[PDB]
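Report on the structure given below.
These numbers come from the heavy atoms of this one structure, side chains and all, not from hydrogens, waters or symmetry mates. We name chains A, B, ... by the order of the sequence lines, and we start the count at 1 in each one.
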Amino acid sequence: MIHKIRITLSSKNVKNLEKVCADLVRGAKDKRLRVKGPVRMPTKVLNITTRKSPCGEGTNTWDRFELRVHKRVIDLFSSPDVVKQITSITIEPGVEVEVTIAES
Amino acid sequence: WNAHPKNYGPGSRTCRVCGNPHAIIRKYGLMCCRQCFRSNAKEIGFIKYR
Amino acid sequence: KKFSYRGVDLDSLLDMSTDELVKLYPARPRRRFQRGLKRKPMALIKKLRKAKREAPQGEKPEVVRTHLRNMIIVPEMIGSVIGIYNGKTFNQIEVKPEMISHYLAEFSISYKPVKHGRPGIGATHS
Amino acid sequence: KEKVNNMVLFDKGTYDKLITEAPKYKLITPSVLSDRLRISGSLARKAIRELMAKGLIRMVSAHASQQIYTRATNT
Amino acid sequence: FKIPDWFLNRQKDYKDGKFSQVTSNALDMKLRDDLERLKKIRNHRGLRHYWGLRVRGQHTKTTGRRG
RNA sequence: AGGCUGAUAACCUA
RNA sequence: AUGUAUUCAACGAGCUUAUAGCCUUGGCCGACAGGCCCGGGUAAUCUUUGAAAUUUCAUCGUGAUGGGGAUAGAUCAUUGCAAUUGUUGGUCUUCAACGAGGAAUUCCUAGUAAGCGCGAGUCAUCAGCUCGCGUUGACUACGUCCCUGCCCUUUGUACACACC
RNA sequence: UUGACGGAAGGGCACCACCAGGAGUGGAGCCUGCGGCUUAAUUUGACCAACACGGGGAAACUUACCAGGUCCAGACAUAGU
Ligand SMILES: [K+]
Ligand SMILES: [K+]
Ligand SMILES: [K+]
Ligand SMILES: [K+]
Ligand SMILES: [Mg+2]
Ligand SMILES: [Mg+2]
Ligand SMILES: [Mg+2]
Ligand SMILES: [Mg+2]
Ligand SMILES: [Mg+2]
Ligand SMILES: [Mg+2]
Ligand SMILES: [Mg+2]
Ligand SMILES: [Mg+2]
Ligand SMILES: [Mg+2]
Ligand SMILES: [Mg+2]
Ligand SMILES: [Mg+2]
Ligand SMILES: [Mg+2]
Ligand SMILES: [Mg+2]
Ligand SMILES: [Mg+2]
Ligand SMILES: [Mg+2]
Ligand SMILES: [Zn+2]
């Protein structure tokens, strides 16, 4: 009857990601569901380092470009229909929500 | 006409923005030349911190 | 003092099968034939031995010009006259038994050997 | 700069010198014997083992890079 | 003595096809025959041996200046 | 021939 | 230096699943290079149980020597439509200069210099390069305007294309 | 008058300056870039602030150079055959 449902959140914006995570945990604590998380995975730092000059003249200066990806994992012990109800709330822009039935 | 194989090497790949074959950034599947990437970096989501 | 390749005399090399020949060749030609030959290499072999059939008895065959300088020399090509393009001109050679397992590129030099002239202005004080 | 000529095997004269004089050294190492007896370091290493077997010299330190020995009995 | 073929400095000889270890003058004769064969057919590698140039694809603009 | 000089002369080295 | 034994990182990167195109564990075949098979991973999940210098024992013994590994011969395999003017990777052999570098000249003040390896970019194949990462870990100074320059003030100027 | 400059002065400052030092580089072999020479061509930009720089590690492609062969990927409009 009760299953461990895994919700994964990804975003470049920490504040928006943390806001949605709190809305889900707090939205599940209202239904008295058992909640595991949020678990914060290590931040993925995509990095592109490139020559600033469009030509090859001058001092060789470099731009270090970083695109950070933050990932959260929340496990809810409940039925899929109940979880579908909690996650159906409008989510902040740029936060990618992904609901899967944990294979355990 | 265009018979020569184009399965690998610089001749197969080009910049997705401008079409130039040089200095392509293939990391993460960007497929942009280094000049076009710097112009579009902010829009793509890349940022300079240090 | 007849020619022999890997202990096999020239008379037997002509009658040997392609599978038997590849074992005699070094590693690079063996991989090349194992990967197969394309249309263009086949056509050259067809023309090279066609010229031999047209040659009057006792005369060398007529020249066959080709751009295929990655072609490998096989025993069937011994005695043929081939003009090998070097990028500018067709350099003519007569295939000899010691050329077996070499590329045609190795007998048509693509550059002129350097004979130096006097250094110009800007060659020193560097 | 002259070249050293270190013997690779002992001769009767030098071997007897090793058995009599070397036990009296305060410091015994392959390089000490190699220089005093004009023997190669390879021969000195084997010689020190023989002196150890005979009990003429005792060990102070053992390291693959540096071996230190000394006379078994003082003076 | 069961020394394998891959361990020998003359593997699959050009003339005989045999495997052997060639030493002293026989080794010097073998090297002489290799270069004479290439020079005789006017092989590119043989010609560069004859001209005293590098034969293994090295750049020659800046290194090997001993003349 | 090299070095020194933005460069030449001078100077220094080989 | 070589041959053993021993042993500790960090940044990061990874696939179309087509029999399978990326990172590859495990098993088997092979001296190596490499090959075959069963698989994992679109990843804090699998590769990742994840380095070298160093430590340790032995051999070598001041000899251009077991320092050095250029040049060159033979041969094998891999990438590719194609390797010759050697793509690269192996095996045996070959075994050059070089014994610490003239005038001159660069960088650097602490986890720094230097040494040591690793990832990433390029990339079918190719790193002596670049951008990062950690590991080992110092000497000297705590000043000065002598040299090369810079900033401010006063001052001289026939310079203003501005002491080239 | 303002600047710039001074083998003018005063004050201050910097390991792209020095001092005290370390590692070196410059010498050898080789890798790679530049010049010159050669070449059918050895494409080319750049001369502290050019020269492992053009992310430039080019087998083809890249490619601009050289020797050759194709193709039209000549819209649209007017007239003609
Ligand atoms: K040269
Ligand atoms: K070698
Ligand atoms: K030096
Ligand atoms: K540079
Ligand atoms: Mg070359
Ligand atoms: Mg050695
Ligand atoms: Mg570990
Ligand atoms: Mg030696
Ligand atoms: Mg290349
Ligand atoms: Mg580069
Ligand atoms: Mg200071
Ligand atoms: Mg300086
Ligand atoms: Mg100093
Ligand atoms: Mg050095
Ligand atoms: Mg020099
Ligand atoms: Mg030097
Ligand atoms: Mg400056
Ligand atoms: Mg080309
Ligand atoms: Mg072309
Ligand atoms: Zn572009």
| said: Regarding G/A72, can its base be found pairing with the side chain of E/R56 as donor and acceptor, where the two atoms are less than 3.5 Å apart? | reply: yes
| Pair partner, G/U140 [Watson-Crick or wobble, under 3.5 Å] | none
| query | Has the side chain of C/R28 got a donor or acceptor atom sitting under 3.5 Å from an opposite partner on the base of G/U78? | reply | yes
| query | How far does the P atom of G/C142 sit from the matching atom of H/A20, given to the nearest Å? | reply | 12 Å
| Who are the salt bridge (charged side-chain N to carboxylate O under 4.0 Å, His left out) partners of A/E66, not counting sequence neighbours? | A/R64, A/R68
| field | Dot-bracket encoding per residue of RNA chain F, Watson-Crick/G-U cut-off under 3.5 Å, | denoting interstrand | value | (((.......))).
| task | Would you check if E/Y14 stacks with the base of G/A74, given a 5.5 Å centroid limit and a 30° plane limit, both strict? | result | no
| request: Return the stacking result for G/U85 and E/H44: yes when the ring centres lie under 5.5 Å apart and the planes under 30°, no otherwise. | output: yes
| Given RNA chain H, 5'-ward residue of the pair A/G58 and C/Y111, judged by closest heavy atom | C/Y111
| task | Just jot down the salt bridge (charged side-chain N to carboxylate O under 4.0 Å, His left out) partners of E/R10, sequence neighbours excluded, or say none. | result | E/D13, E/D34
| Watson-Crick or G-U wobble pair, H/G24 with G/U105, both distances under 3.5 Å | yes
| G/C46 and G/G14 base-paired, Watson-Crick or G-U, both contacts under 3.5 Å | yes
| query | Could you state the CD1-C1' distance from C/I84 to G/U84, rounded to the nearest angstrom? | reply | 11 Å
| request: May I ask you to say what A/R51 touches in the nucleic acid, namely base, sugar-phosphate or nothing, with a heavy-atom cut-off under 4.0 Å? | output: base
| request: Identify whether H/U2 and G/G134 are a Watson-Crick or G-U wobble pair (both distances under 3.5 Å). | output: no
| Can you tell me how far P of F/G2 sits from CZ of E/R65, to the nearest Å? | 11 Å
